[PDB]
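Heads up, the chain shows up twice below as structure tokens, two forms, tagged structure 1 and structure 2.
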Structure 1
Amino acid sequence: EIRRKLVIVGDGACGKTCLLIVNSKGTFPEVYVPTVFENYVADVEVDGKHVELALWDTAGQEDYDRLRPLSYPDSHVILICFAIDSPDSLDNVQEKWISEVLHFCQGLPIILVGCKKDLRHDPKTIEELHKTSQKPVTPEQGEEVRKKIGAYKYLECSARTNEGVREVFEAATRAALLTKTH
């Protein structure tokens, strides 16, 4: 039995829990419950190998800054997430999340994950951001941040539509199988 540990971090409401549950359970949560700390598990098949990937969900809320790092030890891959309909959430990837991850997870592969990809072209979302002179995050913007934080890959996904959800955890599992070779 091959076992690896994934930890997902990023701003509150950036869409971490919905990504984990859609990958592992296969249904979008009908109701929104802010996370404190939860652990899931998913069978991931990449390159003929079956990996039991432990999904360590964390609190994006800054009120839970203190106890969040208890999730990090013995991690094999880190997903730092942001919401594509929130440029501010991509800022916090650089301003908060990379500093924390690097304090506790020296030498790990990081996948930068743009969540809520379905909201980029959402006419409702575009109109609402345009009111505050904001635009949804572009793939080029995520690509530059990926490069600046030294993230291995940048992947865009939508838990809502299940677009690019599998590609996130397949890349994460491959990365985790390199981090530890036993």
Structure 2
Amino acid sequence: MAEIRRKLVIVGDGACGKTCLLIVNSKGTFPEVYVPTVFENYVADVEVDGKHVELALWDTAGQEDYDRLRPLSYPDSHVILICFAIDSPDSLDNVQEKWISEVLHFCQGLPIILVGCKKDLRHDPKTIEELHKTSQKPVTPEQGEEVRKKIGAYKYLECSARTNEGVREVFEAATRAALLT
């Protein structure tokens, strides 16, 4: 009749898992071989709280000219996902140092969901050994929440595209936030 439509943009450091998160949500299977730099614009059907919502998914990047093109993704958004990877504390530090200022510049007043990706790596032995070489460790859930509070984000959620853990909750949270906007 007239489906409810909302727009989502997802941003965050390169290789933090944005495109795979979109693919798993949309297509349902983790891509083991070919991953595009950005997912195709796609409209997701999200069932939340008894409503069918169409959520347009806008993927972004920074390599090449994608940084320059990124601002063209923000207009008329309803919800922003700022992502980092749990196996990369550097990518969490970039949330405050780079991403929040960008998002607030272009999307003042929109709800932001902070998303910790690659949850499956939190106890992964190779990840733990790699990070021990620079006296680092995986991001903890508390660390993610503390960043959420610092940036005024609407919610903090963790997920793993590889195991699919927490993916539905991400998009259900984002849709609920978008419906308020």
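For clarity, a rigid core is taken as the largest C-alpha set superposing within 1.5 Å between two forms. By convention here, residues take numbers in order along the sequence of structure 1, the first being 1. Shifts are known only where both forms have a C-alpha.
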Of 34, 26, 150, 139, which one has a Cα that moves 2 Å or more between the two structures once the core is lined up? 34
Would the C-alpha of residue 64 be classed as shifted by 2 Å or more between the two structures after rigid-core alignment? yes
Once the rigid core is matched, what's the CA displacement of residue 73 between the two structures in angstrom? 0.2
Where the rigid core has been superposed, how far does the Cα of residue 128 end up moving between the two structures, given in Å? 1.2
Please identify, after superposing on the rigid core, every run of 3 or more consecutive residues whose C-alpha atoms all shift by 2 Å or more between the two structures, listing them in sequence order. 31-38, 60-65
